[PDB]
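Participant: Here it is, the structure in full.
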Amino acid sequence: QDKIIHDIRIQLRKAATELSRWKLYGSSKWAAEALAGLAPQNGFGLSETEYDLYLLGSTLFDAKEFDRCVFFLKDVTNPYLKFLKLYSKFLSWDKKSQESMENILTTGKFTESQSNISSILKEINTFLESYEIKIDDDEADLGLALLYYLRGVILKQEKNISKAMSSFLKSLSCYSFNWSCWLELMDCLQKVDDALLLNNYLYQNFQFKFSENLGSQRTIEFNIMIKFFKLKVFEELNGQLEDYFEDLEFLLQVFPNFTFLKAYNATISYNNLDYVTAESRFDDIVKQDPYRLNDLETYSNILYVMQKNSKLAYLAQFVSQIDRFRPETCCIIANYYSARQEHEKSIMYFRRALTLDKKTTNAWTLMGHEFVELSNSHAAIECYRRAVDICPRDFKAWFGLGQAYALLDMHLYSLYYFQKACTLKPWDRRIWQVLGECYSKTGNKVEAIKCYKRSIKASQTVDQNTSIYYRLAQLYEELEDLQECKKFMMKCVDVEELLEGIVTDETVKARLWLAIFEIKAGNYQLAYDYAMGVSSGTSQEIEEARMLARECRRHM
Amino acid sequence: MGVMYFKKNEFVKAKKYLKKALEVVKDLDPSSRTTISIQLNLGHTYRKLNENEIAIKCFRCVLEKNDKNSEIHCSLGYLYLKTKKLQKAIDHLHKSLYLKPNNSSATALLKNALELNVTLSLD
Amino acid sequence: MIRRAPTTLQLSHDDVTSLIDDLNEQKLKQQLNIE
């Protein structure tokens, strides 16, 4: 620490004010909030005849009169005042850029297209090419980073992801300590192997502009929120972690009582499916910052699994009391109605929350689940599709499609959808088993076993493996490996001893088949032993086992 | 003329004239149904000529130029199905049927990709 | 004076069906080698 923390305070004060100056609410909100957690430097390149336009442009933007700002700055030769016009020009188009299909679902009304950004993108390229000083060398300043960041997000709109990375990384090199720029960098990955490749780029190829930044900040490893970058990537997708635990500790010692870190830290418990510890960590945040509403839908999601409706209802009452039209408020309320089995009304509030941001967390997927319980099976599959388009890293979106298509007669579609989600979260025990069950329709029995044998290993606890053991024998019966059927269906019989003789229905079929098989093999004494082992179940199995027992005794 | 010479199954003078047209208009007409059309046609000639490699790149650059187009996605899926890259073609197919409702040929090609996915047993 | 859309042609039915048939050939002959 020592002067390192003091050096952060001064420079973080900069990122809080200049970013707020040029109408970037999201980035400045994080930076300003980081001042409170952490335990008037002014300057800009402007002339008196041009400084008025910035006041003119800023105050019209604040009054939310977006379009008139564009006209009043029709010509601006300032290096980075042009960004403010172009930013307003972009958002003016975006609010009316609603896809026709997606709009029917998000509203339910059931009733020039994109050429603007093509001109918007071309303008940025034209301005930069004709600009005096490029990104190279120790030139450039904060203002140029905004232009490149704006250029990057427009590029992501046309799904030019490959070039989008180059623009964003180029903006961050010029100016660091901009949080909103890195959020858009998250959505560019949509894969696991590139993250380490991108990590290699930062460690070797990437370099910072020390001219703008303060001391001990050009270096990548002494930088503080490069850890924030590493923290975010390894929670969205686990993969293989590099220094994840060590750098997390250092960031925890700094930034005391920082609510975002605690919410992130507790979200790890939810990702690890440790609900009991998740509530305790979440609850402390509520006491500290009652009026913070971000990432509160995760709190409702955790409470939904525990089904603590009494606790959940008060959370909805408390959340809705202070604010009634933020996306997390409506999402929590919509989650509440589901607990009351009113799946038909939860869509309404999920619908309302979506119209607020239209790029949220997994609120699209939760909308799809509520349709499934209504047996619509067609709104859900298309509702699930929209979540795929926005965030292709969402496990639940892909799984919902494969699960929904499983109910549908055509199971062949479900294989591909499960395969993609399989790569995203290979650690889940359910997805491997469900993939194998749907994959048996394919008729290629060999690959199912490689999937099936991975399901049992990933299933951890052995008692749930009794059900899938019977599936292994059934598939092996389709091949000339009836002996292999015996050994595995013997294994589930052994698990009965481990499970204190639960003698469930699954082992009832397991025991009777083995007596029948051993009878066919001439081992009457052995088959007689399992004959009395089926002492419970349906009447027919009791009668059949007694017939096997009666038969075995005659041949002894 | 390039289309004309493509129609008579010559596939050499068509390519030459289309390439000449494209080098003439390298500087101007970045969009607006002229660069898109010529590059798409040249890629289609390359596809029929079985030179799929450069076809991949030209179809990709057209796709990144303009993205809402079912024909480009269907042709790229066909190009991938010509090789063995089914993992990177089923997504393009699905996007193509998302963009345009029927696409009967695209539906048949996607169905064939499904039977391939059933047959293959890759890890 | 206005120019209409220039002539562009896409995948016909005959060539895609021929590729379907060839694709069936190659997913039909290899399992004979396996068996």
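Convention: chains lettered A, B, ... in structure tokens order; per-chain residue numbering from 1; ligands numbered from 1 as shown.
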List as a list in words the protein and nucleic acid residues near range 4-8 of chain B, meaning an atom at most 10 Å away when only C-alpha atoms are counted, but skip any in the same chain fewer than 4 places from it.
Facilitator: residues 12, 13, 14, 15, 16, 17, 18, 41, 42, 44, 45 and 48 of chain B; 7 and 9 of chain C
Participant: Any chance you could export the current selection's N, CA, C and O atoms as a PDB file, in the first residue's frame?
Facilitator:
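Result file part-v2.pdb:
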```pdb
ATOM      1  N   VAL B  12     -14.421 -18.796 -66.764  1.00  0.00           N
ATOM      2  CA  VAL B  12     -13.084 -18.213 -66.815  1.00  0.00           C
ATOM      3  C   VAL B  12     -13.172 -16.749 -67.231  1.00  0.00           C
ATOM      4  O   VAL B  12     -12.681 -15.862 -66.519  1.00  0.00           O
ATOM      5  N   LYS B  13     -13.810 -16.475 -68.372  1.00  0.00           N
ATOM      6  CA  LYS B  13     -14.013 -15.090 -68.778  1.00  0.00           C
ATOM      7  C   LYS B  13     -14.952 -14.370 -67.822  1.00  0.00           C
ATOM      8  O   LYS B  13     -14.803 -13.163 -67.599  1.00  0.00           O
ATOM      9  N   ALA B  14     -15.914 -15.091 -67.242  1.00  0.00           N
ATOM     10  CA  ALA B  14     -16.768 -14.504 -66.215  1.00  0.00           C
ATOM     11  C   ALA B  14     -15.939 -14.001 -65.042  1.00  0.00           C
ATOM     12  O   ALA B  14     -16.081 -12.849 -64.611  1.00  0.00           O
ATOM     13  N   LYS B  15     -15.060 -14.858 -64.519  1.00  0.00           N
ATOM     14  CA  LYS B  15     -14.201 -14.461 -63.410  1.00  0.00           C
ATOM     15  C   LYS B  15     -13.302 -13.299 -63.805  1.00  0.00           C
ATOM     16  O   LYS B  15     -13.118 -12.358 -63.026  1.00  0.00           O
ATOM     17  N   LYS B  16     -12.729 -13.347 -65.010  1.00  0.00           N
ATOM     18  CA  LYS B  16     -11.812 -12.294 -65.433  1.00  0.00           C
ATOM     19  C   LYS B  16     -12.521 -10.946 -65.514  1.00  0.00           C
ATOM     20  O   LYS B  16     -12.028  -9.938 -64.993  1.00  0.00           O
ATOM     21  N   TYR B  17     -13.691 -10.909 -66.159  1.00  0.00           N
ATOM     22  CA  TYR B  17     -14.418  -9.652 -66.300  1.00  0.00           C
ATOM     23  C   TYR B  17     -14.939  -9.150 -64.959  1.00  0.00           C
ATOM     24  O   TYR B  17     -14.933  -7.941 -64.704  1.00  0.00           O
ATOM     25  N   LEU B  18     -15.391 -10.054 -64.088  1.00  0.00           N
ATOM     26  CA  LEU B  18     -15.860  -9.618 -62.778  1.00  0.00           C
ATOM     27  C   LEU B  18     -14.713  -9.063 -61.942  1.00  0.00           C
ATOM     28  O   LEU B  18     -14.870  -8.046 -61.253  1.00  0.00           O
ATOM     29  N   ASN B  41     -21.292 -12.358 -56.422  1.00  0.00           N
ATOM     30  CA  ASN B  41     -21.248 -13.101 -57.676  1.00  0.00           C
ATOM     31  C   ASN B  41     -19.889 -13.756 -57.885  1.00  0.00           C
ATOM     32  O   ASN B  41     -19.813 -14.917 -58.300  1.00  0.00           O
ATOM     33  N   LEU B  42     -18.805 -13.028 -57.598  1.00  0.00           N
ATOM     34  CA  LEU B  42     -17.467 -13.592 -57.758  1.00  0.00           C
ATOM     35  C   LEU B  42     -17.265 -14.788 -56.837  1.00  0.00           C
ATOM     36  O   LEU B  42     -16.697 -15.812 -57.242  1.00  0.00           O
ATOM     37  N   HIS B  44     -19.630 -16.731 -55.775  1.00  0.00           N
ATOM     38  CA  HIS B  44     -20.445 -17.820 -56.303  1.00  0.00           C
ATOM     39  C   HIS B  44     -19.742 -18.520 -57.464  1.00  0.00           C
ATOM     40  O   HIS B  44     -19.784 -19.754 -57.578  1.00  0.00           O
ATOM     41  N   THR B  45     -19.083 -17.747 -58.336  1.00  0.00           N
ATOM     42  CA  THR B  45     -18.289 -18.357 -59.402  1.00  0.00           C
ATOM     43  C   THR B  45     -17.161 -19.204 -58.831  1.00  0.00           C
ATOM     44  O   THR B  45     -16.897 -20.309 -59.320  1.00  0.00           O
ATOM     45  N   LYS B  48     -18.666 -22.494 -57.567  1.00  0.00           N
ATOM     46  CA  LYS B  48     -18.925 -23.429 -58.658  1.00  0.00           C
ATOM     47  C   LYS B  48     -17.628 -23.929 -59.286  1.00  0.00           C
ATOM     48  O   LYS B  48     -17.607 -25.008 -59.890  1.00  0.00           O
TER      49      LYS B  48
ATOM     50  N   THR C   7     -28.289  -8.063 -61.340  1.00  0.00           N
ATOM     51  CA  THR C   7     -28.626  -9.479 -61.329  1.00  0.00           C
ATOM     52  C   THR C   7     -27.640 -10.249 -60.460  1.00  0.00           C
ATOM     53  O   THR C   7     -26.427 -10.209 -60.694  1.00  0.00           O
ATOM     54  N   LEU C   9     -27.391 -14.260 -58.527  1.00  0.00           N
ATOM     55  CA  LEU C   9     -27.997 -15.578 -58.442  1.00  0.00           C
ATOM     56  C   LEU C   9     -27.421 -16.326 -57.251  1.00  0.00           C
ATOM     57  O   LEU C   9     -26.265 -16.130 -56.869  1.00  0.00           O
TER      58      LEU C   9
END
```
Participant: Give me the residues within 10 Å of residue 352 in chain A as a PDB file with C-alpha atoms, in the first residue's frame, counting only C-alpha atoms and dropping any in the same chain fewer than 4 places off.
Facilitator:
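In the end it all went to around38.pdb:
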```pdb
ATOM      1  CA  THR A 106     -41.258  -7.772 -25.282  1.00  0.00           C
ATOM      2  CA  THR A 107     -44.553  -5.890 -25.720  1.00  0.00           C
ATOM      3  CA  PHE A 325     -39.407   1.134 -12.266  1.00  0.00           C
ATOM      4  CA  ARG A 326     -35.838  -0.084 -12.223  1.00  0.00           C
ATOM      5  CA  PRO A 327     -35.075  -3.366 -14.029  1.00  0.00           C
ATOM      6  CA  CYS A 330     -39.578  -5.591 -11.723  1.00  0.00           C
ATOM      7  CA  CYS A 331     -37.383  -8.678 -12.130  1.00  0.00           C
ATOM      8  CA  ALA A 334     -41.724 -11.135 -11.452  1.00  0.00           C
ATOM      9  CA  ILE A 347     -44.476 -12.721 -17.787  1.00  0.00           C
ATOM     10  CA  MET A 348     -45.981  -9.236 -17.430  1.00  0.00           C
ATOM     11  CA  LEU A 356     -36.030  -0.920 -19.470  1.00  0.00           C
ATOM     12  CA  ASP A 357     -32.604  -2.094 -20.676  1.00  0.00           C
ATOM     13  CA  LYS A 358     -33.328  -4.764 -23.381  1.00  0.00           C
TER      14      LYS A 358
END
```
Participant: Report, in Å to a single decimal, how far apart CA of residue 234 in chain A and CA of residue 192 in chain A are.
Facilitator: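 The value is 9.9 Å.
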Participant: Taking only C-alpha atoms into account, produce a table as a Markdown table in which each residue of chain B with an atom at most 10 Å from an atom of chain A appears once, together with its shortest atom pair and the distance in Å to one decimal, ordered by chain and rising number.
Facilitator:
```
| residue | atom | partner | partner_atom | distance |
| --- | --- | --- | --- | --- |
| B:31 | CA | A:118 | CA | 9.6 |
| B:63 | CA | A:158 | CA | 9.6 |
| B:64 | CA | A:160 | CA | 6.4 |
| B:65 | CA | A:158 | CA | 8.5 |
| B:66 | CA | A:158 | CA | 7.9 |
| B:67 | CA | A:158 | CA | 6.8 |
| B:68 | CA | A:158 | CA | 9.2 |
| B:87 | CA | A:416 | CA | 8.7 |
| B:90 | CA | A:416 | CA | 8.5 |
| B:91 | CA | A:416 | CA | 9.6 |
| B:95 | CA | A:389 | CA | 9.8 |
| B:98 | CA | A:101 | CA | 9.8 |
| B:111 | CA | A:413 | CA | 9.3 |
| B:114 | CA | A:412 | CA | 6.7 |
| B:115 | CA | A:412 | CA | 8.1 |
| B:117 | CA | A:416 | CA | 7.8 |
| B:118 | CA | A:442 | CA | 5.3 |
| B:119 | CA | A:444 | CA | 6.8 |
| B:120 | CA | A:444 | CA | 8.3 |
| B:121 | CA | A:447 | CA | 5.6 |
| B:122 | CA | A:447 | CA | 8.0 |
| B:123 | CA | A:447 | CA | 8.2 |
```
Participant: Let me see the file: selected residues, N, CA, C and O atoms, as a compact mmCIF listing (two decimals), in the first residue's frame.
Facilitator:
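Just written: part19.txt:
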```txt
# COMPACT_ATOMS: atom_id res chain seq x y z
N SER B 31 -20.60 0.43 -50.82
CA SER B 31 -21.85 -0.22 -50.44
C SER B 31 -22.87 0.04 -51.54
O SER B 31 -22.51 0.32 -52.69
N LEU B 63 -20.18 -10.64 -45.73
CA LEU B 63 -21.03 -10.77 -44.55
C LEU B 63 -20.72 -9.69 -43.52
O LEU B 63 -21.63 -9.12 -42.91
N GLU B 64 -19.43 -9.38 -43.31
CA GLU B 64 -19.10 -8.33 -42.35
C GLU B 64 -19.46 -6.95 -42.90
O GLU B 64 -19.70 -6.03 -42.11
N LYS B 65 -19.49 -6.79 -44.22
CA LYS B 65 -19.95 -5.52 -44.79
C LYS B 65 -21.43 -5.29 -44.52
O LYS B 65 -21.83 -4.24 -44.01
N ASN B 66 -22.26 -6.28 -44.85
CA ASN B 66 -23.70 -6.22 -44.60
C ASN B 66 -24.14 -7.57 -44.06
O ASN B 66 -23.78 -8.60 -44.62
N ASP B 67 -24.92 -7.55 -42.98
CA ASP B 67 -25.12 -8.80 -42.26
C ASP B 67 -26.54 -9.37 -42.41
O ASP B 67 -26.70 -10.59 -42.47
N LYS B 68 -27.56 -8.52 -42.47
CA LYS B 68 -28.94 -9.00 -42.64
C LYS B 68 -29.12 -9.44 -44.10
O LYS B 68 -29.53 -8.67 -44.97
N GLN B 87 -19.61 -27.70 -37.38
CA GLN B 87 -19.83 -26.92 -36.16
C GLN B 87 -19.97 -25.44 -36.47
O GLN B 87 -20.75 -24.74 -35.82
N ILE B 90 -23.73 -24.85 -38.88
CA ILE B 90 -25.09 -24.97 -38.37
C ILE B 90 -25.56 -23.65 -37.78
O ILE B 90 -26.74 -23.30 -37.89
N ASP B 91 -24.66 -22.89 -37.16
CA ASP B 91 -25.03 -21.57 -36.65
C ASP B 91 -25.40 -20.62 -37.79
O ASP B 91 -26.39 -19.89 -37.70
N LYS B 95 -29.07 -18.94 -38.38
CA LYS B 95 -29.26 -17.51 -38.58
C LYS B 95 -29.99 -17.23 -39.89
O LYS B 95 -30.82 -16.32 -39.96
N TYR B 98 -33.51 -17.91 -39.43
CA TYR B 98 -34.06 -16.84 -38.60
C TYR B 98 -34.39 -15.63 -39.46
O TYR B 98 -35.47 -15.04 -39.31
N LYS B 111 -31.08 -29.86 -42.59
CA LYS B 111 -31.50 -31.21 -42.20
C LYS B 111 -30.40 -32.22 -42.48
O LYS B 111 -30.12 -33.11 -41.66
N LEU B 114 -27.95 -31.99 -39.85
CA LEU B 114 -28.41 -32.72 -38.66
C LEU B 114 -28.11 -34.21 -38.76
O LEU B 114 -27.64 -34.81 -37.78
N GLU B 115 -28.40 -34.83 -39.90
CA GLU B 115 -28.08 -36.25 -40.02
C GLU B 115 -26.58 -36.50 -39.92
O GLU B 115 -26.14 -37.50 -39.35
N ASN B 117 -24.56 -34.67 -38.07
CA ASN B 117 -24.25 -34.54 -36.65
C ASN B 117 -24.63 -35.80 -35.88
O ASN B 117 -23.93 -36.20 -34.94
N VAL B 118 -25.73 -36.44 -36.27
CA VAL B 118 -26.08 -37.74 -35.71
C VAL B 118 -24.99 -38.76 -36.01
O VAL B 118 -24.53 -39.49 -35.12
N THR B 119 -24.54 -38.81 -37.27
CA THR B 119 -23.59 -39.84 -37.67
C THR B 119 -22.24 -39.65 -36.98
O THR B 119 -21.65 -40.61 -36.47
N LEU B 120 -21.74 -38.42 -36.95
CA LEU B 120 -20.41 -38.17 -36.40
C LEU B 120 -20.42 -38.35 -34.88
O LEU B 120 -21.43 -38.15 -34.21
N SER B 121 -19.26 -38.72 -34.35
CA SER B 121 -19.07 -39.07 -32.95
C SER B 121 -17.84 -38.37 -32.38
O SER B 121 -17.05 -38.95 -31.63
N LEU B 122 -17.66 -37.11 -32.74
CA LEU B 122 -16.47 -36.37 -32.32
C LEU B 122 -16.51 -36.09 -30.82
O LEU B 122 -17.57 -35.88 -30.23
N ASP B 123 -15.33 -36.08 -30.21
CA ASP B 123 -15.19 -35.83 -28.78
C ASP B 123 -15.58 -34.40 -28.42
O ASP B 123 -15.84 -34.09 -27.25
```
Participant: If we count only C-alpha atoms, what is near range 35-40 of chain A at a cut-off of 10 Å, once residues fewer than 5 positions away on the same chain are taken out, given as a PyMOL selection string?
Facilitator: chain A and resi 5-6+8-10+12-14+16-17+30+254-261
Participant: Just to be explicit: take each residue in the selection above, keep N, CA, C and O atoms, and write the result as a PDB file, in the first residue's frame.
Facilitator:
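Result saved to result_12.pdb:
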```
ATOM      1  N   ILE A   5      -1.884   3.452  -2.629  1.00  0.00           N
ATOM      2  CA  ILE A   5      -3.284   3.791  -2.416  1.00  0.00           C
ATOM      3  C   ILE A   5      -3.508   5.278  -2.645  1.00  0.00           C
ATOM      4  O   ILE A   5      -4.519   5.682  -3.233  1.00  0.00           O
ATOM      5  N   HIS A   6      -2.567   6.116  -2.200  1.00  0.00           N
ATOM      6  CA  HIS A   6      -2.679   7.553  -2.426  1.00  0.00           C
ATOM      7  C   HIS A   6      -2.637   7.883  -3.913  1.00  0.00           C
ATOM      8  O   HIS A   6      -3.345   8.785  -4.375  1.00  0.00           O
ATOM      9  N   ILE A   8      -3.734   5.999  -6.283  1.00  0.00           N
ATOM     10  CA  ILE A   8      -5.012   5.609  -6.872  1.00  0.00           C
ATOM     11  C   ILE A   8      -6.054   6.696  -6.646  1.00  0.00           C
ATOM     12  O   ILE A   8      -6.828   7.029  -7.551  1.00  0.00           O
ATOM     13  N   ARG A   9      -6.078   7.278  -5.444  1.00  0.00           N
ATOM     14  CA  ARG A   9      -7.104   8.259  -5.100  1.00  0.00           C
ATOM     15  C   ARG A   9      -7.091   9.443  -6.060  1.00  0.00           C
ATOM     16  O   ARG A   9      -8.140   9.862  -6.560  1.00  0.00           O
ATOM     17  N   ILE A  10      -5.907   9.998  -6.324  1.00  0.00           N
ATOM     18  CA  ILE A  10      -5.812  11.180  -7.177  1.00  0.00           C
ATOM     19  C   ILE A  10      -6.254  10.855  -8.597  1.00  0.00           C
ATOM     20  O   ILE A  10      -7.036  11.592  -9.208  1.00  0.00           O
ATOM     21  N   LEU A  12      -8.043   8.207  -9.626  1.00  0.00           N
ATOM     22  CA  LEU A  12      -9.440   7.779  -9.657  1.00  0.00           C
ATOM     23  C   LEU A  12     -10.386   8.966  -9.544  1.00  0.00           C
ATOM     24  O   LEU A  12     -11.514   8.909 -10.045  1.00  0.00           O
ATOM     25  N   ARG A  13      -9.947  10.043  -8.886  1.00  0.00           N
ATOM     26  CA  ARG A  13     -10.724  11.277  -8.889  1.00  0.00           C
ATOM     27  C   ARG A  13     -10.890  11.809 -10.307  1.00  0.00           C
ATOM     28  O   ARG A  13     -11.943  12.355 -10.654  1.00  0.00           O
ATOM     29  N   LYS A  14      -9.856  11.665 -11.136  1.00  0.00           N
ATOM     30  CA  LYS A  14      -9.915  12.076 -12.534  1.00  0.00           C
ATOM     31  C   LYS A  14     -10.962  11.288 -13.306  1.00  0.00           C
ATOM     32  O   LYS A  14     -11.825  11.872 -13.970  1.00  0.00           O
ATOM     33  N   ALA A  16     -13.465   9.822 -12.314  1.00  0.00           N
ATOM     34  CA  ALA A  16     -14.817  10.093 -11.844  1.00  0.00           C
ATOM     35  C   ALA A  16     -15.389  11.374 -12.437  1.00  0.00           C
ATOM     36  O   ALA A  16     -16.595  11.444 -12.691  1.00  0.00           O
ATOM     37  N   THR A  17     -14.554  12.387 -12.668  1.00  0.00           N
ATOM     38  CA  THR A  17     -15.046  13.691 -13.100  1.00  0.00           C
ATOM     39  C   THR A  17     -15.061  13.858 -14.616  1.00  0.00           C
ATOM     40  O   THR A  17     -16.083  14.271 -15.171  1.00  0.00           O
ATOM     41  N   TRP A  30     -19.409   3.925 -11.404  1.00  0.00           N
ATOM     42  CA  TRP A  30     -18.492   2.991 -10.760  1.00  0.00           C
ATOM     43  C   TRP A  30     -17.306   3.720 -10.145  1.00  0.00           C
ATOM     44  O   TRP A  30     -16.935   3.468  -8.993  1.00  0.00           O
ATOM     45  N   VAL A 254      -7.356  -3.738  -0.297  1.00  0.00           N
ATOM     46  CA  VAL A 254      -7.706  -2.406  -0.771  1.00  0.00           C
ATOM     47  C   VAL A 254      -9.220  -2.363  -0.941  1.00  0.00           C
ATOM     48  O   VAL A 254      -9.880  -3.407  -0.930  1.00  0.00           O
ATOM     49  N   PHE A 255      -9.781  -1.159  -1.079  1.00  0.00           N
ATOM     50  CA  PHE A 255     -11.215  -0.961  -1.262  1.00  0.00           C
ATOM     51  C   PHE A 255     -12.014  -1.593  -0.128  1.00  0.00           C
ATOM     52  O   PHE A 255     -12.799  -2.520  -0.369  1.00  0.00           O
ATOM     53  N   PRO A 256     -11.848  -1.133   1.112  1.00  0.00           N
ATOM     54  CA  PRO A 256     -12.683  -1.651   2.198  1.00  0.00           C
ATOM     55  C   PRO A 256     -14.140  -1.273   1.989  1.00  0.00           C
ATOM     56  O   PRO A 256     -14.456  -0.256   1.368  1.00  0.00           O
ATOM     57  N   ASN A 257     -15.025  -2.127   2.506  1.00  0.00           N
ATOM     58  CA  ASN A 257     -16.476  -1.951   2.455  1.00  0.00           C
ATOM     59  C   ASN A 257     -16.970  -1.509   1.080  1.00  0.00           C
ATOM     60  O   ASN A 257     -17.932  -0.740   0.979  1.00  0.00           O
ATOM     61  N   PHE A 258     -16.325  -1.988   0.018  1.00  0.00           N
ATOM     62  CA  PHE A 258     -16.778  -1.705  -1.338  1.00  0.00           C
ATOM     63  C   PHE A 258     -17.879  -2.695  -1.702  1.00  0.00           C
ATOM     64  O   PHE A 258     -17.639  -3.905  -1.760  1.00  0.00           O
ATOM     65  N   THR A 259     -19.085  -2.177  -1.943  1.00  0.00           N
ATOM     66  CA  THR A 259     -20.252  -3.042  -2.091  1.00  0.00           C
ATOM     67  C   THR A 259     -20.156  -3.916  -3.336  1.00  0.00           C
ATOM     68  O   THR A 259     -20.599  -5.070  -3.323  1.00  0.00           O
ATOM     69  N   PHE A 260     -19.591  -3.384  -4.423  1.00  0.00           N
ATOM     70  CA  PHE A 260     -19.522  -4.148  -5.665  1.00  0.00           C
ATOM     71  C   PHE A 260     -18.670  -5.401  -5.501  1.00  0.00           C
ATOM     72  O   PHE A 260     -19.011  -6.465  -6.033  1.00  0.00           O
ATOM     73  N   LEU A 261     -17.553  -5.294  -4.779  1.00  0.00           N
ATOM     74  CA  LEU A 261     -16.708  -6.462  -4.547  1.00  0.00           C
ATOM     75  C   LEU A 261     -17.449  -7.526  -3.747  1.00  0.00           C
ATOM     76  O   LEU A 261     -17.392  -8.717  -4.074  1.00  0.00           O
TER      77      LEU A 261
END
```
Participant: What lies within 8 Å of range 18-28 of chain C using only C-alpha atoms, ignoring chain neighbours under 4 positions off, as an MDAnalysis selection string?
Facilitator: (chainID B and resid 82 109 112 116 119) or (chainID C and resid 14 32)
Participant: Counting only C-alpha atoms, figure out which residue out of B:26, B:33, B:92, B:20 gets nearest to residue 6 in chain C.
Facilitator: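 Among the listed residues, the smallest separation from residue 6 in chain C belongs to B:33.
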Participant: Using only C-alpha atoms, which of B:38, B:22, B:61, B:93 sits nearest chain C?
Facilitator: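 For chain C, the nearest of the given residues is B:38.
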Participant: For chain C, which residues have at least one atom within 7 Å of chain B, if we go by only C-alpha atoms? Write them as a PyMOL selection string, please.
Facilitator: chain C and resi 5-6+8+10-11+13
Participant: Would you list, as a VMD selection string, the residues of chain C that end up in helix (DSSP H, G or I) under DSSP run on this structure's backbone?
Facilitator: chain C and resid 13 to 34
